[PDB]
Amino acid sequence: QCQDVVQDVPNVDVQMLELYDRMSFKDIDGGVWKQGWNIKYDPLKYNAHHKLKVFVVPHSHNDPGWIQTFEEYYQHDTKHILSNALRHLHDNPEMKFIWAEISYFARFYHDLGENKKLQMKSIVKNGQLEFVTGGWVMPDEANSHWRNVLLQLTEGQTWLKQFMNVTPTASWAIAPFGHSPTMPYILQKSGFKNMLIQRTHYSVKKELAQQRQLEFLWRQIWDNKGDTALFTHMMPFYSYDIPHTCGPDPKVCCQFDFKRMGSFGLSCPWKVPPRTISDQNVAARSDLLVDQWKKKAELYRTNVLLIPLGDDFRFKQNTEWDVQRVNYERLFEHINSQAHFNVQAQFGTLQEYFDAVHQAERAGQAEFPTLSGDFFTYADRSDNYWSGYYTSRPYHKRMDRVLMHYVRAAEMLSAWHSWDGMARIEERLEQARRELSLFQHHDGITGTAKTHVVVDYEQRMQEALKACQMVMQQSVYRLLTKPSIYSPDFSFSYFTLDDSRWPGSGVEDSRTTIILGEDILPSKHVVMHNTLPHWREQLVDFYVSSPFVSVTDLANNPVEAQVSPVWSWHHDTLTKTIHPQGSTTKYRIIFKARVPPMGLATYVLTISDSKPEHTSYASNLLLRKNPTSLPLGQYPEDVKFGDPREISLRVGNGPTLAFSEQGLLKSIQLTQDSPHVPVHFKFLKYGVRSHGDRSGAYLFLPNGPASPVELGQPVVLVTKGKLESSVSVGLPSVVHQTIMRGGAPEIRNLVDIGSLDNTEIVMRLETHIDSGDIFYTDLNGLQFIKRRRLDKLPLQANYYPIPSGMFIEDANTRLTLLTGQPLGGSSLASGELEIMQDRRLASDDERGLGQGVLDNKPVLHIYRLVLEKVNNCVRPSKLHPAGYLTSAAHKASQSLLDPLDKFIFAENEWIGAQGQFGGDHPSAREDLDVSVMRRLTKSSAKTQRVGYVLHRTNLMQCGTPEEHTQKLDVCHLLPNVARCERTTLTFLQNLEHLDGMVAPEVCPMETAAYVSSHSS
Ligand SMILES: *[C@@H]1O[C@H](CO)[C@@H](O)[C@H](O)[C@H]1NC(C)=O
Ligand SMILES: [Zn+2]
């Protein structure tokens, strides 16, 4: 019996939206604890029978790229940290150390000799070195897709299981800029029992500290029962550094960072240095430190206290290891032997802390509050809200989503077969998984790294994309070639991928033209892949060398097609206009491809002398004053010209869209009779303050509300076809395109902020929808959370991550904007949605980057815009913290994130070609996805194993019967199944042995993993 995720409002002790509504967010000087209060404790609270147990947990924050590349940091810092950790922990059996970033650890371990590898395994086995989380990285939680968060977790933990024989059940997230409940969701379904977070709004820290609610059972916003709950520890202070982790007073704590005495080139900003602990000072030093501890202990419910001891790239030098260890050893010996302190202090690990906490809990010493919600948007001080990185480096943000999909497609396409080692499938896939996983780092996708580091991430992702293409194309060739004919060269390109949207038209001329000709090649095979587990029809396009091309399927059935020109926009530095030029030698052919669930479908493009029967040609209308001619070679329809004017378009029986004379949407009419609903696109700009704090890669600090971009009299291009129409306009910084295929329009923005310093470009939608102060944004492409605009907070605080979609609604109408890339956005007034396109910032914003953002490049952002009637929809009550997509909006999101893949046959003739693969695959219910299909065994394994991650979303019931689908049982997708098991999401632990080898489908909002075993 599935939990109902719509109708029952969870009863929880803290609900973060409710908390937000109540809190005053005053930023007052709380004293030595600047954002708290002077903590008082009763010295009689602890005694002989009730001691304070203190765990000091040494750690070292290692960024996989930030100010230096991954390899640069590894060479200069991390390899030394790990080498000296091995030595010092080996030699000092009571010393402890926690490690988070497996990308660095794997890099190090593989360079070790066998002697050292064994020493390393020993200190892990004995508990001295403990892995926390065990992901490839410590990912950003704002921009990251849940699928990639899982990918990187799996990458690190699979490595740890194989080489260290351990799987972390405690998570450590000290650094992501705000925190998402997507983390406890994934972690709890991956065997975790505890997690730790740090970067939350200073006001939230204060509020929760006051109620001792810094430790909580974090459940999902829709979870009535509490089964998703994961124990969470929120750190109470401003930083994870040593001054902000011993207790409330950094002036005191800094004195217990023994790296800060001078020889290391570090010091205490509070002007009192650390002093070496001696017999003459240990009593006084201990009195100071124990007092700090006991103050921190006031903020929590048990007699077990966590004291992290670390900072960025700490525990490098041998001398640093000694200086920290020896001084702390002296403090522990004194403190533990002075009964009057009633403290037992020691080095410990994160798991040890959590174990002792739950022992206190079980002894009836504490009960913990329940909590739901998220921890965006983070501010570490004053009005410095970290909403800028929701948008920074948007090119690579978009790239992340493209690579996300190519990794899935490559792993899925290649999973169907076992491959010979010589094929290098596993090699290429591991590379792709690792480069994407690396980019999930909280300085990767966030766009907060130095210019040369961003370049490194981009290069790595480009290599991953090539790896995916190689795997995908070899897989297509095998799946669609008669087996007795199949003769692979594992280095040969049988197909090239054709991608219409990445890097995108106007970004890179990368697409190949299918060159046909009576005197060279009459025809060309193309293949579409559909990674979704349901039948899909979708328009696909290819470049061809002639407009006289027709399409057939592999049964030679004619397929209706449309040919359009290839239009490119040019900032004409002579006329000072932005205007389109048409190709005279290549054309776009568009047709509907119909592709099996998780399958393949083949089509043939054939040239003729004249207009083919089943091919139509789009009309084109250029709207501008002072037109010049636009010849189009063989294209059979002459371009038409006119003065700027309002226009209306309708494709198929879909919506009718009206545009302004500047080429921007002004209204949508859903059906013939229905109203023309005001929906207006507008481009505006935010600036930067000329006094006080400046915006940078992290911070969004606007100098007031956005000002409209002055548009002049822009050139508007209207293309009208039977299958696809569009309106495109050359705006300053943006070629804005609205594309229509008979349903929700697609929006593409080619964004080039050029040399506009201290500017952020925003795309806004203005409607009449009576949303008031409510809007919805998603978390990690997993769930939609209710947002409430708060005027008591500054503009930038009302910006949230838009990792994949946002909506506003009233009783009757909803507008949903879906994205192909994470960007920052808000609803700043009733009826509005807005989302940032790019930002170019001259100054550094004081968080350590030491540069602005002046490395912008052209990016093609993609969207779907869904206007819907929702009055018949069964929606959550007004008190529910969640929202849910409709079927239409969810399908539009899928179109952006997981489109059909397109393959062009490279050679002249494809001998033994087949028309279809997967025609017999079950077409599963629309709310179910096979998020991951991955073969887990190499070819030499007698028992083959294939892992599946199934995700079921929740779609609103709006009265559409939408019925008759087949049960998807992933365990029978490959033949000769011998066993079927439910696993953790990482595939690392078997949870359930499945009757009849049948994998059940999952509940709405649930995610499960299954592994099928095959004897043949
Ligand atoms: C892996 O750890 C387990 C306990 O979880 C132990 O039984 C097994 O021997 C270990 N594998 C080794 C030491 O190779
Ligand atoms: Zn970091």
Side-chain angles (χ1 to χ4, degrees), residues 5-7 17 221-222 654-658 665-671 673-682 738 740 743-747 763-779 781-789 798 800 802-819 823 825-835 863-896 926-927 953-960 962 1004-1005:
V5 309
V6 179
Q7 306 192 86
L17 188 70
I221 57 180
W222 67 80
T656 293
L657 305 202
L665 190 70
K666 58 179 291 181
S667 75
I668 301 171
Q669 180 203 44
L670 297 179
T671 51
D673 55 296
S674 68
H676 294 276
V677 183
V679 182
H680 282 72
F681 268 123
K682 185 180 291 177
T738 303
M740 299 172 66
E746 182 175 296
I747 311 306
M763 178 175 68
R764 182 174 300 156
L765 286 147
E766 300 172 336
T767 79
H768 289 165
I769 297 165
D770 189 19
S771 54
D773 59 8
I774 302 304
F775 61 108
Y776 295 77
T777 62
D778 76 308
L779 292 157
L782 179 62
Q783 58 183 279
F784 282 79
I785 189 169
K786 191 173 183 179
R787 305 307 199 178
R788 169 180 296 107
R789 193 202 71 244
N798 291 295
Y800 288 95
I802 316 303
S804 86
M806 64 193 312
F807 68 87
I808 53 170
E809 64 181 9
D810 55 26
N812 292 317
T813 309
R814 182 187 282 194
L815 187 65
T816 303
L817 181 71
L818 293 320
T819 77
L823 298 167
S826 192
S827 169
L828 289 177
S830 175
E832 294 182 0
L833 289 172
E834 75 182 54
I835 185 162
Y863 312 85
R864 295 296 294 279
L865 180 70
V866 185
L867 174 80
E868 300 169 295
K869 293 332 265 22
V870 295
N871 54 299
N872 287 323
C873 292
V874 175
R875 288 180 280 173
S877 91
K878 291 175 34 61
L879 301 171
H880 205 286
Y884 298 101
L885 294 185
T886 55
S887 171
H890 170 74
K891 281 191 178 294
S893 180
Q894 294 187 310
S895 79
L896 297 177
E926 70 182 327
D927 56 353
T953 190
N954 187 75
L955 305 172
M956 276 194 311
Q957 290 290 322
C958 301
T960 309
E962 260 153 19
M1005 300 306 292

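Residue numbers run from 1 in the order of the sequence given. Basis for what follows: all heavy atoms, side chains included, without hydrogens, waters or symmetry-related copies.
Looking at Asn954, its side chain never comes within 3.5 Å of a backbone N or O of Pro1004 through a donor-acceptor pair. Judged by distance alone, the side chain of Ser893 and the main-chain N or O of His890 form no donor-acceptor pair under 3.5 Å. Judged by distance alone, with hydrogens and angles left aside, the side-chain atoms of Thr813 form no donor-acceptor pair with the main-chain N or O of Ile769 at under 3.5 Å. The main-chain N or O of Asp927 is never found under 3.5 Å from a side-chain atom of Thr953 such that the two would form a donor-acceptor pair. In terms of modelled atom types and a separation under 3.5 Å, the side chain of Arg875 and the main chain of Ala811 share a donor-acceptor contact. Remark: the backbone N or O of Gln894 is not paired with any side-chain donor or acceptor of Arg864 at under 3.5 angstrom.
Ring orientation note: the planes of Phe784 and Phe807 are tilted relative to one another, at an angle of 30° to 60°.
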Determine, step by step, whether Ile668 and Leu865 satisfy the side chain to side chain contact (heavy atoms under 4.5 Å, CB included) criterion, reporting the C-alpha distance in whole Å, the side-chain angles of both residues, the deciding distance to 0.1 Å, and the verdict.
CA-CA 10 Å; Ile668 301 171; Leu865 180 70; 4.2 Å; yes

May I have the step-by-step check of side-chain hydrogen bond (donor to acceptor under 3.5 Å, both in side chains) for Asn798 and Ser826, ending in yes or no?
CA-CA 6 Å; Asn798 291 295; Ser826 192; 5.7 Å; no

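One distance of note links OG1 of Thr816 with CD of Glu868; it measures 5.5 Å at 0.5 Å rounding. In this structure, CG on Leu833 lies 5.5 Å from CG on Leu815, to the nearest 0.5 angstrom. How far OG of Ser827 is from CZ of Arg788: 13.0 Å, rounded to the nearest 0.5 Å. Rounding to the nearest 0.5 Å places CG of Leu765 at 8.0 Å from CD1 of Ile747. With rounding to the nearest 0.5 angstrom, the CD1 atom of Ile774 is 8.0 Å from the NZ atom of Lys878. Atom NZ in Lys786 sits 13.0 Å away from atom OG1 in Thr777 (nearest 0.5 Å).
Between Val866 and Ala888 the shortest heavy-atom distance is CG1-CB, 4.3 Å. Heavy-atom minimum distance, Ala882 versus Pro876: O-CG, 3.8 Å. Taking all atoms of both residues into account, the shortest heavy-atom contact from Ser830 to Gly772 is OG-N, 3.0 Å. The heavy-atom pair separating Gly825 from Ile802 by the smallest distance is N-CG1, 3.4 Å. In this structure, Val874 and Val6 approach most closely via the heavy-atom pair O-CG1, 4.1 Å. For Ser804 against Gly781, the heavy-atom pair with the smallest separation is OG-CA, 3.6 Å.
Between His880 and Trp222 there is a side-chain heavy-atom pair separated by less than 4.5 Å. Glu832 has its side chain out of reach of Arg789: every pair of non-hydrogen atoms, C-beta onward, lies at least 4.5 Å apart. Using a 4.5 Å heavy-atom threshold, the side chains of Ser887 and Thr960 count as separate. Contact annotation: the side chain of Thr767 never approaches that of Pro678 to less than 4.5 Å [non-hydrogen atoms, C-beta and beyond]. With a 4.5 Å cut-off on side-chain heavy atoms, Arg764 and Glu766 count as touching. With a 4.5 Å cut-off on side-chain heavy atoms, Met763 and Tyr863 count as touching. Side-chain contact between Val677 and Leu670: absent, with no pair of heavy atoms (C-beta onward) separated by less than 4.5 Å.
More than 12 non-hydrogen atoms from other residues, nucleotides or ligands lie less than 6.0 angstrom from NZ of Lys891.
Annotation: side-chain contact (heavy atoms from CB on, under 4.5 Å) contacts of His676 (sequence neighbours excluded): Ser667, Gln669.
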